[PDB]
Every structure is written in C-alpha cells, then in structure tokens.
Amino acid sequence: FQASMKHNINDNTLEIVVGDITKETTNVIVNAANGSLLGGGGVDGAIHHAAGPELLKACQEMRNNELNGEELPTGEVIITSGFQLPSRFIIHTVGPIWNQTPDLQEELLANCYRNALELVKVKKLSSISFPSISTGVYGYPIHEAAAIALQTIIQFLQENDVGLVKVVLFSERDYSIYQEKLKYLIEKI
C-alpha cells in the first residue's frame, strides 16, 4: 500500500504520495544533490543507481563546462537527461545544510522549488516530481521543510500554469507530516 492525496489549484494539480521517485513517469524528476554533483547516498544515491553511470558523467561534464569547476550554489538548479530513469529530465538542486546559514536557509530551500518550477514552465514540460529536499543528511527538520516546500509550491501554482506537481516520499512518516501540513495549508486559503 502507498498513500496519496491530491488538490487542484486552478488548472494545476498537486499530489503527495508515498513511493520510489526513481519509478515516477513524470516529465521531470528532481534530485536533491550536493554542490559537487557527485554521487552520494539517500535519494541522490537511488537516482544514480536507477539512472545508470551516464548520469554522473553528464553531471561532471556540466560542472567542468558550463559551471567551470564551480559548485552548484544552494537553491540553484541544473537540468540533465533522465538516462535510464523513466523521466525525460532530471533537475538537480542543492538544498541548504541545516543551520549553516540560519537567516537565509528558509529562502534558500524555497529557491530549490521555485527555480525548478520556473524551469518546467520555460521548457514547456507539464509534470514534475520532488523528493523531500534537505531532510536527509542535510538535517533540515521535516516539519519545517515540509511547510516551506508546500507553501512555495502552492504559491507558484496559484500564480502560474504548470501542470502536475508531485511530491514523492519514500517515508510513510514524511508522508504523514506532509498530509497534515497540506491539509492545514489548504484550510487557510
């Protein structure tokens, strides 16, 4: 069993679900990466394993070329192919590390979502899946991160035509928090 809920915001749809993000057939899936775009554990690890080795080579080519060796800055995004993933593209983003930059970190986390959704708009794609950014080894508390993710996504969908946005969570616990936070946020609209 895998729980799910949805809500329509104008002609967009927001869905939260339990599942494996690497099995999503949306146009885009989002990877919670590190600035170096090197393979790690967690969701990033699952994404590299499902994508195949062409994903790491593609990411390192982009780092050495369009980024000129620089780290992907916190909140910013890049896009690659999906390779062996069932999506067309992967948008890589870097979430804030909890309490590294206290008065900026809420804004930075929000930037991940905003910059990803803006890229979907530009490329004229119509479906995107997000995992829970920064709530792995980066330690952002899930209750706070969930509120920022949902507030930012709902805000964007209220103001733009995108299509379908999914938040795909491997954890039933993370799901349970998102469900109550989304329900809360919906009541306030």
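Note that residue numbering follows the sequence shown and begins at 1.
- Note on 84 to 92 vs 67 to 75: mean CA B-factor is higher in 67 to 75.
- Legend: mean Cα B-factor per stretch from the PDB entry, 26 to 34 versus 157 to 165; the higher mean is in 157 to 165.
- Taking the deposited Cα B-factors for 126, 129, 132, 152, the highest one is held by 126.
- Out of 21, 177, 9, 17, it is 9 whose C-alpha atom has the highest B-factor in the PDB entry.
- Among the modelled residues of its chain, residue 62 has a C-alpha B-factor that falls in the highest third according to the deposited record.
- Looking at the C-alpha B-factors along this chain, the one for residue 43 belongs to the middle third.
- In the PDB entry, a CA B factor belonging to the lowest third of its chain's modelled residues is recorded for residue 137.
- Sort the chain's modelled residues by C-alpha temperature factor and residue 112 lands in the lowest third, per the entry.
- The entry lists a Cα temperature factor for residue 51 that places it in the lowest third of the chain's modelled residues.
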